[PDB]
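Asker: Requesting a structural model of the entry that follows:
(2 chains)
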Amino acid sequence: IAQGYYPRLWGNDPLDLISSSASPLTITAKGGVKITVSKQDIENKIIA
Amino acid sequence: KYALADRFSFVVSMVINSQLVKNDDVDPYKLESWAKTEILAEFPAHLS
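Answerer: Residues are numbered from 1 along each chain as shown, chains lettered A, B, ... in the order given. Below you will find the coordinate block:
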């Protein structure tokens, strides 16, 4: 990482990017089934 | 050579509806490979 900078994961809004169709994170079950979840579901499961 | 191959000795045909794999997030070929792996354990040894 260049001097004066820090790495920020998945941009400004991570959860929105994960729920997007162009998400860099890909989850596959049963070999060939893609799994997609809305952003609100991930927000609910995150515990403060 | 397709006609020379034996097609009647211990061969079973499985006719499947294609509506099952009709889905936006389902890859039929990867899913089909997984299903064969799951079924193989209990399948008869001398059958195709």
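
Asker: Now residue 34: phi and psi?
Answerer: In the absence of a named chain, chain A is used. The phi/psi pair for residue A:34 (degrees, to the nearest 10) reads phi -90, psi 140.

Asker: Actually, chain B is the one I wanted.
Answerer: phi -60, psi -40.

Asker: Chain neighbours aside, what residue packs nearest to it?
Answerer: Spatial nearest neighbour of residue B:34, chain neighbours left out: residue A:31 (3.1 Å); criterion: Cβ to Cβ, 6 or more residues apart in numbering or on different chains. C-beta coordinates here come from the backbone N, C-alpha and C atoms, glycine included.

Asker: need the contact list for that neighbour.
Answerer: By Cβ atoms under 8 Å, 6 or more residues apart in numbering or on different chains, the residues touching residue A:31 are B:27, B:30-31, B:33-34, B:37.

Asker: Many thanks, we can stop here.
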